[PDB]
Amino acid sequence: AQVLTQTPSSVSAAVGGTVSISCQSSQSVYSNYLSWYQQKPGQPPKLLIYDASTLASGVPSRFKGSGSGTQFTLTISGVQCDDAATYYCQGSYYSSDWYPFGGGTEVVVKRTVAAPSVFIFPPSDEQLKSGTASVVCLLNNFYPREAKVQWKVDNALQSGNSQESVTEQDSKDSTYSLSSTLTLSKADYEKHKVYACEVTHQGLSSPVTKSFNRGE
Amino acid sequence: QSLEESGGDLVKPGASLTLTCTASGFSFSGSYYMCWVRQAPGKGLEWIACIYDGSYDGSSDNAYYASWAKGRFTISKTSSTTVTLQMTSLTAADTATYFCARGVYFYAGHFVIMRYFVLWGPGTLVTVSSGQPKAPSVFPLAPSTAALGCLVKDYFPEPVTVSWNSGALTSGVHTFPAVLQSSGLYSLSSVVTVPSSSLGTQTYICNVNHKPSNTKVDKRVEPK
Amino acid sequence: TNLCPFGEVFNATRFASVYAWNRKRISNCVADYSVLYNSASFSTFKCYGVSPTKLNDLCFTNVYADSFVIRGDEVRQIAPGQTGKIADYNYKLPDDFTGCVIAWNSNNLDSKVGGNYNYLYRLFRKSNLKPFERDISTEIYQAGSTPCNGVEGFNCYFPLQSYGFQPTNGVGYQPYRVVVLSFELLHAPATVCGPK
Ligand SMILES: *[C@@H]1O[C@H](CO)[C@@H](O[C@@H]2O[C@H](CO)[C@@H](O)[C@H](O)[C@H]2NC(C)=O)[C@H](O)[C@H]1NC(C)=O
């Protein structure tokens, strides 16, 4: 019956900027027991602020909590590179069994545009024995996150046979990396020669195509 | 000062599972409540339950539950250093990392109110599925700055751990999040960028550990 | 048999403002309640769900001591089911309150010639406090739909007012120190026990 609305889902600022994250409660928060948590990838939530303004031990003072009643705000005055993470608000009420968390907000550290370095790896002979072929295209240390990988086998565009995953924004470089895997049958790999990976990115004024020939 | 969750496992739908929260460097003495918070992969945080850590050994009293979790979940204090969470009737919606947390409580009369959660354990992963544990296959990504890596393919369930040169090589390393293939198996890639002048002098090995299958595969990555 | 530190609460040099009332948790000790209920200095000693003289024979999971300073004619508001500025906006006890309220005149301690302005109380809130709620917000109260922007003015009032205790005030306006003892009894090993 008590819902926390956390807006927006994503904020961005350069190093030294200020990001503002809002947490709205449909009902007044008991004694202003509103807390903010930081969660970096692969890590448990880490408490930043409790009682809506009190800074937790060891938390940098650039993290600031404010608000009362039904409206609260988390402010990072002086965003740093390692602030790229997801943040949550959590509210407590005159109730023993309801502690809602906010939907979460991603913090993106803005930086200069960086075009991706493109690499391609043919499937290994060790794998080719099994009966399947995997072709991997690497896009490394690029910003912004948005990018497109097109797979071309004998100049023919592929569809439905590739999956991709992107790393989190680096806490040092503020860059992303993308791996695209093209999966084929053994026979389909043994009837084509040129395998191409075409990359579209803001830092690439013309699309970059990375290619190899089977059997060199 | 430390909390460590354990018991997270691959279980079939309808099964039960009991998770453990073990306290390290201290003992329960009535100063906090121990709480469980879960997080589905790629989703937010959902509070489950709390219990007064001053309770009797083996007791489920002094406990609070989210309305959705009441009865299906049972939280208990079993010793001065252990608190458990028993979950029954598991479905795929219960797949999540489960965190144990210290609850700072405020007395409010006939009940207490959790003020905030200070100390969080690393979490333990619960996978509710009918699939079977499957060992991965570590295929090299032969280098042609130079880029080399390892392809960890056809494993279930999460997670896998990939290190390079037994943890010595840390800069320039990217381990991509796993992707679920149509076969019901995960695929992961780890890569590293190294100077090409060191391709002869320096040797590079990827240390892939898939704990659910006890598969430790170390493959040397050198140009073909 | 280490004694419960009730002296730290009752005999503190300074008390907190009622809006920012203080709480101390008492646990893992033996409490000598007699020194409380046999004291002649308490002009208010009112218990709910508890007999004062029997307290030395009871054990509890925890004791909670809430301490603050209020106006004399406001001492009546520290009780279940009471209204007024203190009960509505500063300190609210639940209807099912289990514990004692103790209060005594502190004119010699908390009054200053010319006025002691360190003690404050909240004048207004959009809604009444729930039991044991604590509102230490210093935000300007917006009495109308015209917003306030950090500026006090018409329908924009600062929410905290100082008592300004003076030694020459009437007894109803003199400062009173108040301690509320709540007794928590769970199904768990008891940590606060009387001498027996
Ligand atoms: C607060 O302080 C007074 C004054 O010191 C304490 O009164 C003492 O009471 C004990 C017996 O409990 C006597 O032996 C002392 O001589 C008293 N001190 C005096 C008269 O100066 C009182 O007990 C304290 N309140 C507590 C501890 O709750």
Side-chain angles (χ1 to χ4, degrees), chain A residues 3-26 29 32-56 58-91 99-114 116 141-147 165-178 201-203, chain B residues 37 39-46 116-117 120 177, chain C residues 139 149:
Chain A
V3 58
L4 281 179
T5 299
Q6 185 172 346
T7 64
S9 60
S10 190
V11 293
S12 66
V15 164
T18 288
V19 289
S20 188
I21 305 179
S22 169
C23 187
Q24 169 188 329
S25 177
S26 58
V29 177
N32 298 318
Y33 289 167
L34 199 284
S35 47
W36 292 93
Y37 302 83
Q38 178 190 52
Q39 189 179 29
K40 290 176 176 171
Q43 295 186 8
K46 166 168 165 283
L47 176 68
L48 298 180
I49 285 138
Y50 62 92
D51 295 334
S53 57
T54 307
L55 201 62
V59 177
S61 63
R62 69 172 177 270
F63 297 96
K64 185 184 303 177
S66 72
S68 65
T70 59
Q71 291 289 351
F72 299 85
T73 300
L74 175 62
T75 298
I76 313 176
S77 310
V79 175
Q80 313 294 344
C81 284
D82 63 353
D83 295 0
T86 306
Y87 298 80
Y88 302 90
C89 59
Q90 177 266 312
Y99 301 99
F101 286 91
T105 295
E106 189 69 20
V107 164
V108 183
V109 179
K110 280 188 296 191
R111 63 144 305 176
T112 79
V113 173
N141 301 119
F142 59 89
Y143 183 88
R145 186 180 186 275
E146 287 71 47
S165 54
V166 189
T167 62
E168 325 281 347
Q169 191 177 23
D170 197 306
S171 43
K172 313 194 340 173
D173 281 353
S174 309
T175 65
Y176 308 85
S177 293
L178 184 147
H201 188 269
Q202 185 171 354
Chain B
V37 180
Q39 179 173 43
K43 302 303 194 204
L45 301 170
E46 194 180 25
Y116 46 96
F117 307 101
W120 295 66
Chain C
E139 184 192 7
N149 276 85

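Every chain is numbered from 1, with letters handed out A, B, ... down the list of sequences.
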message = I'd like to know whether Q6(A) forms a side-chain contact (heavy atoms from CB on, under 4.5 Å) with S22(A), so could you lay out the CA-CA distance, the side-chain angles of the two residues, the decisive distance to 0.1 Å, and finally the verdict.
response = CA-CA 6 Å; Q6(A) 185 172 346; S22(A) 169; over 6 Å; no
More than 12 heavy atoms from other groups under 6.0 Å of CD on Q80(A) =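 Atom CD in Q80(A) is crowded, with more than 12 foreign heavy atoms closer than 6.0 Å.
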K64(A) atom NZ, neighbour heavy-atom count above 12 within 6.0 Å =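 Not buried by this count: 12 neighbours or fewer within 6.0 Å.
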How far apart are the closest heavy atoms of [X] and [Y], and which atoms are they?
X	Y	value
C81(A)	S171(A)	CB-O, 3.3 Å
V11(A)	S20(A)	CG1-O, 3.8 Å
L47(A)	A56(A)	O-CB, 3.8 Å
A147(A)	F142(A)	CB-CE1, 4.2 Å
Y88(A)	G102(A)	CD2-O, 3.3 Å

Are [X] and [Y] close enough that some pair of their side-chain heavy atoms sits under 4.5 Å apart?
X	Y	result
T75(A)	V19(A)	no
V107(A)	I21(A)	yes
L45(B)	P45(A)	yes
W120(B)	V37(B)	yes
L178(A)	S165(A)	no

Tell me whether [X] contacts the main-chain N or O of [Y] through its side chain, where contact means a donor paired with an acceptor under 3.5 Å.
X	Y	value
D170(A)	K172(A)	yes
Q169(A)	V108(A)	no
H201(A)	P144(A)	yes
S177(A)	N141(A)	yes
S12(A)	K110(A)	no

Output the distance between atom [atom1] ([X]) and atom [atom2] ([Y]), rounded to the nearest 0.5 Å.
X	Y	atom1	atom2	answer
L48(A)	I76(A)	CG	CD1	8.0 Å
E106(A)	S9(A)	CD	OG	9.5 Å
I49(A)	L74(A)	CD1	CG	5.0 Å
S174(A)	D83(A)	OG	CG	10.0 Å
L4(A)	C89(A)	CG	SG	4.5 Å

task = Could you tell me which residues satisfy ring pair (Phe, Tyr, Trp, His ring centres under 6.0 Å) with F72(A), sequence neighbours excluded, listed by chain and number?
result =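 Partners of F72(A) under the ring pair (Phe, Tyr, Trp, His ring centres under 6.0 Å) test: none.
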Side chains of residues 36-43 of chain A: which donor-acceptor partners sit under 3.5 Å, not counting sequence neighbours?
residue	atom	partner	partner atom	Å
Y37(A)	OH	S35(A)	OG	3.2
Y37(A)	OH	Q90(A)	OE1	3.2
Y37(A)	OH	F117(B)	N	3.0
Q38(A)	NE2	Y87(A)	OH	3.0
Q39(A)	OE1	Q39(B)	NE2	2.8
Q39(A)	NE2	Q43(A)	O	3.2
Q39(A)	NE2	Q39(B)	OE1	2.7

task = Show the numbers, then the answer: is there a side-chain contact (heavy atoms from CB on, under 4.5 Å) between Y143(A) and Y176(A)?
result = CA-CA 6 Å; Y143(A) 183 88; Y176(A) 308 85; 3.8 Å; yes
task = Might you work through the side-chain contact (heavy atoms from CB on, under 4.5 Å) test for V15(A) and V79(A), ending with a clear yes or no?
result = CA-CA 5 Å; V15(A) 164; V79(A) 175; over 6 Å; no
task = Only counting residues at least two apart or in another chain, list the ones meeting salt bridge (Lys or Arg N to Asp or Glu O under 4.0 Å) with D173(A).
result =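 Partners of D173(A) under the salt bridge (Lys or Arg N to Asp or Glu O under 4.0 Å) test: none.
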query = Can a salt bridge be assigned to the pair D82(A) and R62(A) using a cut-off of 4.0 Å between side-chain N and carboxylate O?
reply =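 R62(A) and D82(A): salt-bridged.
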query = Does the side-chain contact (heavy atoms from CB on, under 4.5 Å) test come out yes or no for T70(A) and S26(A), once each step is laid out?
reply = CA-CA 7 Å; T70(A) 59; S26(A) 58; over 6 Å; no
